[PDB]
Amino acid sequence: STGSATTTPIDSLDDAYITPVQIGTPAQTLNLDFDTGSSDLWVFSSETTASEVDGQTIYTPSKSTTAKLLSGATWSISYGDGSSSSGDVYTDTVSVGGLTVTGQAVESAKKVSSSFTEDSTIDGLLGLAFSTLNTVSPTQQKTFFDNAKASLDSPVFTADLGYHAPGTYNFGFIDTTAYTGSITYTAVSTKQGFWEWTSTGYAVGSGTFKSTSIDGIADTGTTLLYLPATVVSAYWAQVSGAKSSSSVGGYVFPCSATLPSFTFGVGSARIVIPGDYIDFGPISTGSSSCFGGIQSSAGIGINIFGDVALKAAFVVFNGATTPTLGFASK
């Protein structure tokens, strides 16, 4: 089997992407944030504290003839950005782009943190990291991909995120029309539960490539590109007036600037992030200070190849017995 679904930016900055997902019978369609950095499929629901729902579409398990309470199971997750959610668990039928999993764990939120409430466009998350990170207790549950994998034509999914435009998540096949040149594959460590890999280096603008190993995670659920402070400083040094602002919480730059590109290595291959992808707009409405899309990972404890990086590529998440990651230009 295969599936193919369009993923759409939630706003004009590509702060996140939402993908429609069918849950239950009859289908209830929710727009979920597909997150290769976590492993829970959780939704706003009829059980979510009412004051914490503000415009989201909810899953109502009592209206699904295939929903079953997973007795005694609870979940609770905290994300790298400080947000969190928790609740109980149903199993139900979940379909993405024509690909159907029966008995998928659907984690129903009883509580969500303010940042989730405040984002009316995201109805929940669909985790695509390794199932070892799934938070369901006392019986850990599998991700949608893990459940689908054996049925797929090939045990892969691909992320093709757009810049200021829709893109695609495919399951079970590689669309050879969706990228240019070749896909370069690179080793993955699953030791921390992530799609963790090592970039071979970077360049700033038309500058020379610096060969250096950068371990990090391919994370569709993180907006920005978080890299070591040395790398980030080298980038922003090429933008007149750019500075790190502790008050704002990262590098900012004059909105009048033209940003240089940023290149990262995948083996001997190179992915070029155009400068415009690194512009996240005014820090507050009407400001001429703009927020940068490349930020330091210092104090995160891990480098993160988030959407800023991934949307410059066609990315293969290869879930073979030994997983790997593939990157192509597009």
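Every number in this text was worked out from the coordinates using simple rules, so none of it is lab data. Here the Cβ positions follow ideal geometry from the backbone for every residue, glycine too, while neighbour counts run over all protein chains shown.
Here are some notes:
- Antiparallel DSSP beta bridges within the chain, as percent of all bridges there, nearest 5: 85
- Fully extending the segment from residue 13 to residue 121 would add 37.5 nm, taking 0.36 nm per residue of separation and subtracting the current Cα-Cα distance.
- The shape of the stretch 106-183 comes out oblate: with a ≥ b ≥ c from the C-alpha gyration tensor, a/c is at least 1.5 while a/b does not beat b/c.
- 222 nm mean residue ellipticity, helices alone, for the chain (DSSP H n ≥ 4; -39,500 (n - 2.57); rounded to 500): -1500 deg cm²/dmol
- Potential lengthening of the chain between residue 211 and residue 65 amounts to 47.0 nm, from the contour at 0.36 nm per residue minus the alpha-carbon distance.
- Contact order normalised by residue count of the chain, Cα under 8 Å, 6+ apart, percent: 19
- Ascending count of other beta-carbon atoms within 10 Å, so fewest first, for 302, 294, 183: 302, 183, 294
- Three-way shape call for the stretch 69-149 based on the alpha-carbon gyration tensor, with the a/c threshold at 1.5: prolate
- √(5λ) per eigenvalue of the Cα gyration tensor, the chain, largest first, Å: 33, 23, 17
- Gap separating the Cα centres of the stretch 49-111 and the stretch 255-330, nearest whole Å: 30
- Shown in residue order for the stretch 86-98 are the 3J(HN,Hα) couplings computed by the Karplus curve 6.51 cos²θ - 1.76 cosθ + 1.60 at θ = phi - 60°: 7, x, 10, 9, 10, 9, 6, 7, 10, 10, 10, x, x Hz (x for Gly and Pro).
- FRET efficiency, residue 151 to residue 246 (Cβ-Cβ, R0 41 Å, nearest 0.05): 0.25
- Spatially close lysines, pair count over the chain: Cα under 19 Å, gap of eight or more or interchain: 5
- From the alpha carbon centroid of the stretch 22-37 to that of the stretch 192-242 is 32 Å.
- Shape of the stretch 1-117, Cα gyration tensor, a/c cut at 1.5: oblate
- Scaled radius of gyration (Cα, divided by 2.2 N^0.38 Å) that the stretch 155-232 gives: 1.27
- Residues whose placed amide H lies under 5 Å from that of residue 245, excluding near-sequence neighbours: 250, 251, 252
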